[PDB]
Amino acid sequence: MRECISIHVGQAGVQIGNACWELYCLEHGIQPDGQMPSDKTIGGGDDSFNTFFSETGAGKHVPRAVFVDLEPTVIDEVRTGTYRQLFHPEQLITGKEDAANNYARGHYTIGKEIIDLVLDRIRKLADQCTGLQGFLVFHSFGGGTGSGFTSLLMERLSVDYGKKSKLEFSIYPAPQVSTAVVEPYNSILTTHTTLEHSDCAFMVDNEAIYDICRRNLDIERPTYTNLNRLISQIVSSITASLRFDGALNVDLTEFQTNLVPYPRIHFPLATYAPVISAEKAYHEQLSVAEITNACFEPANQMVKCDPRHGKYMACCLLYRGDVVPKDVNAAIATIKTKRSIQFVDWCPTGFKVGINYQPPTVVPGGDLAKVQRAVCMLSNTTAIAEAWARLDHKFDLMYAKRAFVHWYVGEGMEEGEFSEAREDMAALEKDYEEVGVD
Amino acid sequence: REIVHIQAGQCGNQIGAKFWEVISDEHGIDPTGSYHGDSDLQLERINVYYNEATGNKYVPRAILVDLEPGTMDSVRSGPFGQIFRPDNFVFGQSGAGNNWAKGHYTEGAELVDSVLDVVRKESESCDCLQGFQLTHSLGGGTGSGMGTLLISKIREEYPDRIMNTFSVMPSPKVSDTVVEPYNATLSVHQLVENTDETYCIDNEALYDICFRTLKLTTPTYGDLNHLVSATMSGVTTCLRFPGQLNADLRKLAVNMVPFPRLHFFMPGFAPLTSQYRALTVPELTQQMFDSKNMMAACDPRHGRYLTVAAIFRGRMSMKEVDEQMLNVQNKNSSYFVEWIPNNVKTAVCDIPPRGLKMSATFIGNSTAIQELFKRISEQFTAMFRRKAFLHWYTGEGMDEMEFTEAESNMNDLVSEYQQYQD
Amino acid sequence: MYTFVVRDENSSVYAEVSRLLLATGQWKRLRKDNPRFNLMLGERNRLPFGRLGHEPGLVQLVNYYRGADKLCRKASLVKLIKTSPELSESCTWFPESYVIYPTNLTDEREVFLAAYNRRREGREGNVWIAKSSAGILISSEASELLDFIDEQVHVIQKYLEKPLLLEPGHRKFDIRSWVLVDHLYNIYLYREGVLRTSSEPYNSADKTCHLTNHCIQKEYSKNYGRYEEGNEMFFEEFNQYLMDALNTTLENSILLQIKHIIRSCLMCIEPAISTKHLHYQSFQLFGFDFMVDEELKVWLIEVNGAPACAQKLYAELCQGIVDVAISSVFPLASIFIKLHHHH
Amino acid sequence: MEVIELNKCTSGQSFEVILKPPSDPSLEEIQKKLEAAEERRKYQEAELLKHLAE
Ligand SMILES: Nc1nc2c(ncn2[C@@H]2O[C@H](COP(=O)(O)OP(=O)(O)OP(=O)(O)O)[C@@H](O)[C@H]2O)c(=O)[nH]1
Ligand SMILES: Nc1ncnc2c1ncn2[C@@H]1O[C@H](COP(=O)(O)OP(=O)(O)CP(=O)(O)O)[C@@H](O)[C@H]1O
Ligand SMILES: Nc1nc2c(ncn2[C@@H]2O[C@H](COP(=O)(O)OP(=O)(O)O)[C@@H](O)[C@H]2O)c(=O)[nH]1
Ligand SMILES: [Ca+2]
Ligand SMILES: [Ca+2]
Ligand SMILES: [Mg+2]
Ligand SMILES: [Mg+2]
Ligand SMILES: [Mg+2]
């Protein structure tokens with residue numbers, strides 16, 4: 001058994017971690033007061049769920065998580081929420097003045113005053129680990145804290161834990177729910193300084209989650225609560241192999257091996273299905289072939305892009321529910337003859353399948369309906385580079401006029417770091433085109 | 001996160017008094033300071049403008065400044081006069097005589113340190129001070145001359161706090177003295193340097209709205225102050241109620257100010273009725289962007305919006321709000337600069353203002369605001385080319401060079417707005 | 001009131017479409033770099049498809065199909081026909097082609113010589129043609145063709161040595177059909193085609209009578225404009241010639257094979273370019289080019305992704321584009337033949 | 001169509017199906033950049049206080 005520490009930075013990171021750990025407890029049967037009746041080993045153990053939970057003498061199962069926000073309004077909801085008894089106050093770090101949607105303010109100005117406090121609280125959780133795998137970092141691209149402080153944390157984590165892996169869960173900025181105009185700046189500033197420090201990053205475009213909630217859940221104006229419950233399902237599918245018995249993606253190193261052959265191209269595309277509204281009284285249960293075919297529909301992806309015009313480097317199928325290997329191969333054979341699936345010539349055309357018999361858990365009273373089987377596909381396609389092109393274009397538009405740049409220079413940041421970051425993204429876009437286009 | 005409010009001069013105090021009268025009703029605060037509301041949203045962000053005292057009393061975090069005792073004695077005797085902290089009344093006796101030099105260099109310099117002691121006392125007890133907001137007119141002496149003096153000294157003591165102002169622009173249509181363009185030009189240069197956000201409230205627009213739209217044939221200052229009251233309440237809604245967009249002063253400045261000197265906003269309000277008819281969301285948005293419903297007396301079709309901040313208040317379809325906002329941008333995309341993607345941001349509040357089922361407040365950073373500065377500059381040069389009325393200012397120690405520089409500082413500001421309009 | 005942008009000034013087709021949209025009073029043109037558009041008349045090279053379909057409250061439409069270059073490139077068309085099972089290695093309506101890379105650069109040099117030696121071993125017509133997307137040589141010797149390509153990717157296919165020759169004149173020609181595919185992947189064939197004819201008599205033994213390009217017939221040919229105006233014969237006159245000379249019609253003898261080729265090519269790439277469930281929609285006008293032999297058999301020469309219409313047919317075709325491809329998505333306030341198929 | 005490396009257990013099973021074979025900065029450097037930005041803030045603030053002193 002090897003432990004994993006989750007880190008939640010900024011409002012988006014905290015509220016998404018708040019929804020994931022809620023879903024984690026419902027899956028592992030953990031109650032809000034940390035008690036787990038099915039855990040017969042009191043006060044310790046090396047089970048597969050102990051990779052995400054520590055155990056106390058009283059029998060409480062404490063999440064191996066750290067919450068960091070530069071202003072205390074969001075984590076105060078976790079301090080007084082339903083699961084206030086899971087965490088101890090050492091895991092919840094709050095400041096008093098946020099980064100104000102300014103990357104430089106969260107990285108240089110305010111991040112410096114609190115970086116040594118966060119690492120000390122992370123070291124307290126690492127000292128309870130007999131064999132630390134690494135870290136799972138939850139943050140947003142557009143926020144000043146989610147972008148500014150995360151990149152500073154990812155730099156120090158490589159210094160203090162060089163042999164450990166680090167995975168990201170990133171929220172790509174979408175204007176339908178965005179709160180700042182300079183989010184294209186923050187997203188590219190934080191991707192530049194974190195690219196060499198992240199081994200595998202799962203991007204989640206809020207634009208896709210928003211429309212999935214509008215289209216498949218009949219939600220008129222989706223809120224953050226709607227978006228975060230759907231995101232936690234995707235995150236739960238990705239981390240299910242670390243929390244349950246199995247043989248696929250059993251540790252963090254296996255994520256980089258099975259999904260990242262090229263280090264810089266470490267942004268797998270996540271597609272999830274089925275998303276059924278709990279308001280529908282009776283829905284026809286989708287089969288294995290129907291939910292695997294939905295993994296190749298762009299309307300179900302976390303980022304809207306076209307994998308038909310882009311080559312694959314890896315592909316994982318994570319099934320949860322009534323799924324057997326025979327039905328999987330029958331679906332893959334049918335899909336291969338009716339879809340445009342192109343792999344790079346230096347990679348095998350194949351799929352790594354993972355089946356967990358426990359069907360997906362739904363939050364009671366939530367928006368997602370209970371299904372008998374579901375699948376999350378992790379595909380490293382060069383088509384996700386469209387998200388960088390959209391982001392890099394909005395960057396070039398504003399930076400040509402040096403708009404809002406004075407806010408970043410006023411926090412001690414140099415103007416040259418802007419072009420230095422954009423030149424790195426220009427190289428990232430070029431690396432995708434060499435792999436995906438002929 | 002607290003905000004320290006300051007009101008200076010006759011116009012600053014009469015407008016600020018009505019502002020505290022309007023928002024105290026929205027938060028359920030009576031003229032004595034006791035809370036008598038029915039919703040928890042009224043108190044959730046009450047600390048932004050109110051200090052909690054003994055007996056659960058809410059005292060406004062306001063400082064009342066003037067060089068004459070006249071206007072402040074009317075505020076203390078007004079409806080909500082007994083709610084202001086008595087020590088926060090700082091006033092002289094000589095007056096400013098509509099002279100910027102008297103407020104900024106002589107009479108106001110004798111009183112500015114007294115004011116800064118109350119400013120300091122209010123900031124010392126703040127857990128997290130966002131900054132300051134100042135209400136004043138630019139055409140007078142105290143609010144213009146001493147107001148900009150306070151802004152300059154507050155920035156020296158609080159350099160990392162946001163400076164917000166509600167500045168009333170003088171107009172020949174609503175004019176007290178002829179030296180008003182002199183005071184405005186001198187104060188505009190101070191605002192270009194030492195403020196982060198300035199709401200340009202043109203008395204010409206306030207007059208035209210009261211006359212053409214509200215059908216008031218003889219508008220008074222009280223009628224004009226009613227529009228400022230409803231506008232100041234709307235522009236501060238995101239600060240006084242729980243929300244995601246533009247929650248504090250700094251985040252508002254980051255979304256609205258792309259260049260540090262172009263921070264002068266055109267405020268707009270909707271509806272403006274002379275009254276029981278319900279207003280649909282499409283109607284709120286069309287009137288909100290209409291030139292007739294804005295307080296700057298500028299034509300947006302003569303410029304381009306750099307950034308826009310919209311606020312809808314009331315129980316309405318947030319889905320329909322998004323559709324109408326996207327419809328104004330997609331059907332008039334020639335008036336929003338294309339080199340700032342998604343420059344329009346919309347927030348929704350559930351609590352409407354008094355007397356309206358639903359309303360909408362417009363905050364625009366448009367390059368058409370140069371029309372306001374061009375107008376003031378034209379009225380300034382008309383007198384300055386003959387050195388007319390300068391003896392009122394040179395008699396207080398000023399030199400003609402300081403006027404020439406202030407003239408050049410505003411012509412540069414006008415040129416900078418024209419740079420980004422093309 | 002709809003909006004649209006223009007990112008290709010050299011487009012003679014969509015310049016008229018942009019003129020017709022403004023004439024309706026319900027379309028407003030924006031700057032070429034404005035993102036708040038309903039329609040994009042994009043450029044040929046490096047069209048930013050990744051930035052389409054990401055504007056809330058805006059149904060976006062583009063006049064090009066992403067991935068359609070697989071059909072509109074010389075090397076891509078040959079690779080698509082051989083590898084696609086729907087078209088198969090044995091294709092009756094496509095001339096035997098081969099992809100040949102220059103020696104200074106997969107390649108099919110050894111495979112092209114295998115079929116060439118079979119045509120040398122058995123006494124058959126062994127005249128081929130070399131061409132590319134960027135200069136054409138027609139030689140019966142394979143050594144002259146391979147030495148010429150070495151002097152970018154090229155393709156060598158069998159040259160039709162027995163083409164259908166119009167009389168009087170005894171001359172070569174080709175047929176251009178304009179095909180429009182809307183967002184629903186309906187295939188519309190314009191009822192009006194053009195016969196780009198040569199004015200010189202075909203000499204099976206100088207590449208003027210062998211090449212029917214418009215620019216070559218206007219510069220190198222001597223009898224340009226003698227038989228028909230601008231070396232362009234429309235379908236009404238050509239139908240009359242087939243009835244008078246060959247006792248057949250254009251619909252039966254030629255148009256059935258043409259409509260069959262258009263369906264097969266577009267249905268093949270449909271799963272790869274279809275914007276049925278995509279966040280943006282695509283339509284595209286195509287220009288199919290055909291060669292007819294003396295046996296009245298139709299062969300596919302190439303497909304054009306940015307075709308130019310005939311002068312007489314600009315008004316009618318561009319109006320049909322607005323009706324079925326633009327106003328079908330953005331309604332306001334038939335000249336095509338629909339080629340039905342199983343989606 | 002080959003299925004390899006099948007691992008079964010109580011909670012599920014995993015395998016792999018193949019369709020076709022193929023064809024850091026130190027803490028010293030970070031503190032320097034963090035203190036260089038704080039120095040540019042102190043310089044810009046000192047120049048502001050000097051401008052206000054005039
Ligand atoms: N999916 C999701 N996205 C969020 C959530 N909260 C904020 N975002 C997105 O994150 C971006 C802003 O990042 P924030 O997390 O709010 O900012 P921050 O990390 O707190 O940093 P500060 O600027 O200091 O407040 C916006 O584009 C939002 O769309 C959330 O709860 N769920
Ligand atoms: N295999 C073949 N057999 C007989 N004739 C052929 C041939 N390939 C080409 N030709 C003739 O040569 C001409 C050139 O064809 P091609 O389509 O390659 O040129 P092009 O693409 O530059 C003009 P366009 O853009 O109008 O199609 C054709 O008009 C055709 O008449
Ligand atoms: N809207 C409004 N404008 C005012 C009011 N009082 C004065 N003004 C304007 O402000 C200018 C006079 O400034 P004044 O308040 O006398 O300056 P003071 O000496 O600092 O008090 C004139 O141009 C007036 O138009 C008021 O109550 N409401
Ligand atoms: Ca245990
Ligand atoms: Ca005195
Ligand atoms: Mg925050
Ligand atoms: Mg007065
Ligand atoms: Mg061509």
# chains A, B, ... in the order shown; residues from 1 in each chain; ligands from 1

$ residues_near_ligand --ligand "ligand 5" --cutoff "12 Å" --atoms "only C-alpha atoms and all ligand atoms" --output "PDB file with C-alpha atoms, in the first residue's frame"
ATOM      1  CA  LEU B  67     -14.708  73.506   5.178  1.00  0.00           C
ATOM      2  CA  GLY B  92     -13.846  73.887   9.450  1.00  0.00           C
ATOM      3  CA  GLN B  93     -15.413  77.337   9.470  1.00  0.00           C
ATOM      4  CA  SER B  94     -13.805  79.505   6.767  1.00  0.00           C
ATOM      5  CA  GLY B  95     -15.030  77.690   3.662  1.00  0.00           C
ATOM      6  CA  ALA B  96     -13.481  77.108   0.258  1.00  0.00           C
ATOM      7  CA  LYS B 102      -8.301  77.041  -0.979  1.00  0.00           C
ATOM      8  CA  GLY B 103      -9.231  73.385  -0.534  1.00  0.00           C
ATOM      9  CA  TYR B 105      -3.294  74.303  -0.548  1.00  0.00           C
ATOM     10  CA  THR B 106      -4.503  76.720   2.140  1.00  0.00           C
ATOM     11  CA  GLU B 107      -7.815  76.229   3.956  1.00  0.00           C
ATOM     12  CA  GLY B 108      -7.935  72.477   3.359  1.00  0.00           C
ATOM     13  CA  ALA B 109      -4.300  71.919   4.317  1.00  0.00           C
ATOM     14  CA  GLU B 110      -5.137  73.322   7.760  1.00  0.00           C
ATOM     15  CA  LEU B 111      -7.829  70.634   8.191  1.00  0.00           C
ATOM     16  CA  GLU B 396      -3.688  81.560  -2.789  1.00  0.00           C
TER      17      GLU B 396
END

$ interface_residues --of "chain C" --to "chain A" --cutoff "9 Å" --atoms "only C-alpha atoms" --output "PyMOL selection string"
chain C and resi 48-51+53-56+66-67+271-273+277-279

$ interface_residues --of "chain C" --to "chain B" --cutoff "7 Å" --atoms "only C-alpha atoms" --output "number ranges by chain"
C: 34, 36, 57

$ write_last_selection --atoms "N, CA and C atoms" --output "CSV table (one decimal), in the first residue's frame"
chain,number,residue,atom,x,y,z
C,34,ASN,N,-13.0,39.2,-36.1
C,34,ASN,CA,-14.1,39.4,-35.1
C,34,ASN,C,-14.7,38.0,-34.7
C,36,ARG,N,-17.4,37.1,-32.9
C,36,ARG,CA,-18.8,37.0,-32.7
C,36,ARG,C,-19.6,37.0,-34.0
C,57,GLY,N,-24.3,31.3,-27.0
C,57,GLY,CA,-25.4,32.1,-27.7
C,57,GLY,C,-25.2,32.4,-29.1

$ residues_around --residues "range 50-56 of chain A" --least-positions-apart "3" --cutoff "7 Å" --atoms "only C-alpha atoms" --output "number ranges by chain"
A: 1-5, 43-47, 59-64, 242-243

$ closest_atom_pairs --of "chain C" --to "ligand 2" --cutoff "6 Å" --atoms "only C-alpha atoms and all ligand atoms" --output "CSV"
residue,atom,partner,partner_atom_place_in_ligand_line,distance
C:157,CA,ligand 2,1 (N),5.5
C:158,CA,ligand 2,1 (N),4.9
C:159,CA,ligand 2,3 (N),3.5
C:160,CA,ligand 2,3 (N),3.9
C:173,CA,ligand 2,31 (O),5.9
C:174,CA,ligand 2,31 (O),5.4
C:211,CA,ligand 2,12 (O),4.3
C:212,CA,ligand 2,29 (O),4.2
C:213,CA,ligand 2,29 (O),5.0
C:301,CA,ligand 2,8 (N),5.8
C:302,CA,ligand 2,17 (O),5.3

$ interface_residues --of "chain D" --to "chain B" --cutoff "8 Å" --atoms "only C-alpha atoms" --output "JSON, numbers by chain"
{"D": [45, 49, 52]}

$ write_last_selection --atoms "N, CA and C atoms" --output "JSON list (two decimals), in the first residue's frame"
[["chain", "number", "residue", "atom", "x", "y", "z"],
["D", 45, "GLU", "N", 7.41, 51.07, -5.14],
["D", 45, "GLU", "CA", 6.74, 51.78, -4.05],
["D", 45, "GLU", "C", 7.58, 52.95, -3.55],
["D", 49, "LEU", "N", 6.45, 56.81, -3.32],
["D", 49, "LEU", "CA", 6.58, 57.65, -2.13],
["D", 49, "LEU", "C", 7.51, 58.84, -2.37],
["D", 52, "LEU", "N", 5.32, 61.26, -4.34],
["D", 52, "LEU", "CA", 4.42, 61.94, -3.42],
["D", 52, "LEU", "C", 5.17, 62.89, -2.50]]

$ interface_residues --of "chain A" --to "chain D" --cutoff "7 Å" --atoms "only C-alpha atoms" --output "list in words"
residues 108, 159, 245, 246, 247, 248, 345, 346, 347, 348, 349, 350, 351, 352, 353, 354, 355, 356, 357, 410, 411, 412 and 413 of chain A

$ write_last_selection --atoms "N, CA, C and O atoms" --output "PDB file, in the first residue's frame"
ATOM      1  N   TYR A 108       3.830  35.643  -6.395  1.00  0.00           N
ATOM      2  CA  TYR A 108       4.921  36.412  -5.811  1.00  0.00           C
ATOM      3  C   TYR A 108       4.516  37.167  -4.551  1.00  0.00           C
ATOM      4  O   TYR A 108       5.186  37.054  -3.520  1.00  0.00           O
ATOM      5  N   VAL A 159      11.101  20.206  -5.205  1.00  0.00           N
ATOM      6  CA  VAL A 159      12.332  20.350  -4.436  1.00  0.00           C
ATOM      7  C   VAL A 159      12.314  19.443  -3.212  1.00  0.00           C
ATOM      8  O   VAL A 159      13.315  18.794  -2.891  1.00  0.00           O
ATOM      9  N   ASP A 245      -9.258  -2.334  -5.030  1.00  0.00           N
ATOM     10  CA  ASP A 245      -8.417  -3.418  -5.514  1.00  0.00           C
ATOM     11  C   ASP A 245      -8.485  -3.497  -7.036  1.00  0.00           C
ATOM     12  O   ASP A 245      -9.530  -3.245  -7.641  1.00  0.00           O
ATOM     13  N   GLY A 246      -7.361  -3.841  -7.652  1.00  0.00           N
ATOM     14  CA  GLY A 246      -7.298  -3.925  -9.095  1.00  0.00           C
ATOM     15  C   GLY A 246      -5.864  -4.080  -9.557  1.00  0.00           C
ATOM     16  O   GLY A 246      -4.948  -4.258  -8.751  1.00  0.00           O
ATOM     17  N   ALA A 247      -5.687  -4.003 -10.877  1.00  0.00           N
ATOM     18  CA  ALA A 247      -4.371  -4.161 -11.478  1.00  0.00           C
ATOM     19  C   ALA A 247      -4.042  -3.110 -12.531  1.00  0.00           C
ATOM     20  O   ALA A 247      -2.917  -3.106 -13.042  1.00  0.00           O
ATOM     21  N   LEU A 248      -4.976  -2.226 -12.870  1.00  0.00           N
ATOM     22  CA  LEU A 248      -4.743  -1.164 -13.839  1.00  0.00           C
ATOM     23  C   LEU A 248      -4.671   0.171 -13.113  1.00  0.00           C
ATOM     24  O   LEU A 248      -5.534   0.472 -12.281  1.00  0.00           O
ATOM     25  N   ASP A 345       2.344   6.193 -35.356  1.00  0.00           N
ATOM     26  CA  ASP A 345       2.961   4.985 -35.893  1.00  0.00           C
ATOM     27  C   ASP A 345       3.910   4.317 -34.905  1.00  0.00           C
ATOM     28  O   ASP A 345       4.237   3.139 -35.080  1.00  0.00           O
ATOM     29  N   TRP A 346       4.354   5.032 -33.872  1.00  0.00           N
ATOM     30  CA  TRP A 346       5.254   4.480 -32.869  1.00  0.00           C
ATOM     31  C   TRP A 346       4.526   4.058 -31.596  1.00  0.00           C
ATOM     32  O   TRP A 346       5.142   3.998 -30.528  1.00  0.00           O
ATOM     33  N   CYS A 347       3.232   3.766 -31.691  1.00  0.00           N
ATOM     34  CA  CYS A 347       2.439   3.292 -30.567  1.00  0.00           C
ATOM     35  C   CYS A 347       1.459   2.237 -31.053  1.00  0.00           C
ATOM     36  O   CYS A 347       0.954   2.325 -32.179  1.00  0.00           O
ATOM     37  N   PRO A 348       1.173   1.232 -30.230  1.00  0.00           N
ATOM     38  CA  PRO A 348       0.214   0.201 -30.636  1.00  0.00           C
ATOM     39  C   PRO A 348      -1.208   0.735 -30.627  1.00  0.00           C
ATOM     40  O   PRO A 348      -1.585   1.558 -29.790  1.00  0.00           O
ATOM     41  N   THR A 349      -2.001   0.251 -31.578  1.00  0.00           N
ATOM     42  CA  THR A 349      -3.423   0.583 -31.646  1.00  0.00           C
ATOM     43  C   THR A 349      -4.165  -0.361 -30.707  1.00  0.00           C
ATOM     44  O   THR A 349      -4.579  -1.457 -31.086  1.00  0.00           O
ATOM     45  N   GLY A 350      -4.329   0.066 -29.457  1.00  0.00           N
ATOM     46  CA  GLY A 350      -4.955  -0.791 -28.468  1.00  0.00           C
ATOM     47  C   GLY A 350      -5.538   0.010 -27.327  1.00  0.00           C
ATOM     48  O   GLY A 350      -5.365   1.226 -27.231  1.00  0.00           O
ATOM     49  N   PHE A 351      -6.235  -0.708 -26.448  1.00  0.00           N
ATOM     50  CA  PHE A 351      -6.908  -0.123 -25.298  1.00  0.00           C
ATOM     51  C   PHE A 351      -6.557  -0.912 -24.048  1.00  0.00           C
ATOM     52  O   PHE A 351      -6.510  -2.146 -24.075  1.00  0.00           O
ATOM     53  N   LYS A 352      -6.310  -0.199 -22.954  1.00  0.00           N
ATOM     54  CA  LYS A 352      -6.158  -0.804 -21.637  1.00  0.00           C
ATOM     55  C   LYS A 352      -7.477  -0.653 -20.891  1.00  0.00           C
ATOM     56  O   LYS A 352      -7.920   0.470 -20.630  1.00  0.00           O
ATOM     57  N   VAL A 353      -8.102  -1.775 -20.555  1.00  0.00           N
ATOM     58  CA  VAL A 353      -9.438  -1.785 -19.974  1.00  0.00           C
ATOM     59  C   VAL A 353      -9.342  -2.052 -18.480  1.00  0.00           C
ATOM     60  O   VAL A 353      -8.576  -2.916 -18.034  1.00  0.00           O
ATOM     61  N   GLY A 354     -10.120  -1.304 -17.704  1.00  0.00           N
ATOM     62  CA  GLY A 354     -10.247  -1.540 -16.281  1.00  0.00           C
ATOM     63  C   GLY A 354     -11.700  -1.619 -15.865  1.00  0.00           C
ATOM     64  O   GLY A 354     -12.475  -0.694 -16.126  1.00  0.00           O
ATOM     65  N   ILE A 355     -12.088  -2.719 -15.224  1.00  0.00           N
ATOM     66  CA  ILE A 355     -13.473  -2.963 -14.843  1.00  0.00           C
ATOM     67  C   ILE A 355     -13.548  -3.064 -13.327  1.00  0.00           C
ATOM     68  O   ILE A 355     -12.844  -3.879 -12.717  1.00  0.00           O
ATOM     69  N   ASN A 356     -14.399  -2.235 -12.723  1.00  0.00           N
ATOM     70  CA  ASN A 356     -14.723  -2.314 -11.304  1.00  0.00           C
ATOM     71  C   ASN A 356     -16.198  -2.668 -11.188  1.00  0.00           C
ATOM     72  O   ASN A 356     -17.054  -1.954 -11.722  1.00  0.00           O
ATOM     73  N   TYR A 357     -16.493  -3.771 -10.494  1.00  0.00           N
ATOM     74  CA  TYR A 357     -17.857  -4.292 -10.472  1.00  0.00           C
ATOM     75  C   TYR A 357     -18.816  -3.373  -9.727  1.00  0.00           C
ATOM     76  O   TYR A 357     -20.019  -3.382 -10.013  1.00  0.00           O
ATOM     77  N   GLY A 410       2.926  45.449 -11.377  1.00  0.00           N
ATOM     78  CA  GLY A 410       2.816  46.093 -10.080  1.00  0.00           C
ATOM     79  C   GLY A 410       3.011  45.160  -8.906  1.00  0.00           C
ATOM     80  O   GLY A 410       3.231  45.629  -7.784  1.00  0.00           O
ATOM     81  N   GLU A 411       2.933  43.849  -9.134  1.00  0.00           N
ATOM     82  CA  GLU A 411       3.167  42.856  -8.096  1.00  0.00           C
ATOM     83  C   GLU A 411       4.583  42.294  -8.138  1.00  0.00           C
ATOM     84  O   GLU A 411       4.843  41.242  -7.547  1.00  0.00           O
ATOM     85  N   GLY A 412       5.504  42.973  -8.824  1.00  0.00           N
ATOM     86  CA  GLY A 412       6.884  42.549  -8.893  1.00  0.00           C
ATOM     87  C   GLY A 412       7.224  41.646 -10.058  1.00  0.00           C
ATOM     88  O   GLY A 412       8.405  41.329 -10.252  1.00  0.00           O
ATOM     89  N   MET A 413       6.234  41.222 -10.836  1.00  0.00           N
ATOM     90  CA  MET A 413       6.478  40.357 -11.979  1.00  0.00           C
ATOM     91  C   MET A 413       6.986  41.174 -13.162  1.00  0.00           C
ATOM     92  O   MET A 413       6.588  42.323 -13.366  1.00  0.00           O
TER      93      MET A 413
END

$ interface_residues --of "chain B" --to "chain A" --cutoff "7 Å" --atoms "only C-alpha atoms" --output "PyMOL selection string"
chain B and resi 128+244-245+250-251+255+257-259+318-319+339-343

$ residues_near_ligand --ligand "ligand 3" --cutoff "9 Å" --atoms "only C-alpha atoms and all ligand atoms" --output "CSV table (one decimal) with C-alpha atoms, in the first residue's frame"
chain,number,residue,atom,x,y,z
B,8,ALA,CA,-16.3,66.0,1.2
B,9,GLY,CA,-18.0,69.3,0.4
B,10,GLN,CA,-21.5,70.4,-0.1
B,11,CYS,CA,-22.2,68.0,-3.1
B,12,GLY,CA,-20.1,65.2,-1.5
B,13,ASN,CA,-22.1,65.3,1.7
B,14,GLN,CA,-25.6,65.8,0.3
B,15,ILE,CA,-25.0,62.9,-2.2
B,66,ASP,CA,-16.3,70.1,4.8
B,67,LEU,CA,-14.7,73.5,5.2
B,68,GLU,CA,-18.1,75.0,6.1
B,71,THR,CA,-24.1,71.3,4.8
B,95,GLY,CA,-15.0,77.7,3.7
B,96,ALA,CA,-13.5,77.1,0.3
B,97,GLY,CA,-15.3,79.7,-1.8
B,98,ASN,CA,-15.6,77.4,-4.9
B,99,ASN,CA,-11.8,77.7,-5.1
B,100,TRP,CA,-9.7,74.6,-5.7
B,103,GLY,CA,-9.2,73.4,-0.5
B,136,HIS,CA,-17.4,64.8,-4.0
B,137,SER,CA,-17.9,67.3,-6.9
B,138,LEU,CA,-15.0,68.4,-9.0
B,139,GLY,CA,-16.3,71.9,-9.7
B,140,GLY,CA,-16.3,73.3,-6.1
B,141,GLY,CA,-13.5,74.0,-3.6
B,142,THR,CA,-13.7,71.5,-0.7
B,143,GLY,CA,-14.8,68.3,-2.4
B,144,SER,CA,-12.6,69.1,-5.4
B,145,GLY,CA,-9.5,70.8,-3.8
B,146,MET,CA,-9.5,69.1,-0.4
B,147,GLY,CA,-10.9,65.9,-1.8
B,168,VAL,CA,-19.6,64.8,-10.0
B,169,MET,CA,-18.6,66.7,-13.2
B,170,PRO,CA,-19.6,70.4,-13.5
B,171,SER,CA,-21.7,71.5,-16.4
B,172,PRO,CA,-22.8,75.0,-17.6
B,173,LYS,CA,-26.4,73.7,-17.5
B,174,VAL,CA,-26.2,73.1,-13.8
B,175,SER,CA,-23.5,75.7,-12.8
B,176,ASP,CA,-22.8,77.5,-9.6
B,177,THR,CA,-19.7,79.5,-10.6
B,180,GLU,CA,-15.8,75.2,-12.2
B,181,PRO,CA,-13.8,74.2,-15.3
B,201,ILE,CA,-21.3,61.5,-12.9
B,202,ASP,CA,-22.1,64.4,-15.2
B,203,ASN,CA,-24.5,66.9,-13.9
B,204,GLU,CA,-25.4,67.6,-17.6
B,206,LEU,CA,-28.4,64.2,-14.7
B,207,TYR,CA,-30.2,67.3,-15.8
B,220,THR,CA,-33.5,70.6,-8.4
B,221,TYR,CA,-30.3,69.3,-6.8
B,222,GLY,CA,-32.5,66.9,-4.8
B,223,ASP,CA,-33.9,65.5,-8.1
B,224,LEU,CA,-30.4,65.1,-9.4
B,225,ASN,CA,-29.3,63.5,-6.2
B,226,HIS,CA,-32.0,60.9,-6.5
B,227,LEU,CA,-30.4,59.6,-9.6
B,228,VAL,CA,-27.0,59.4,-8.0
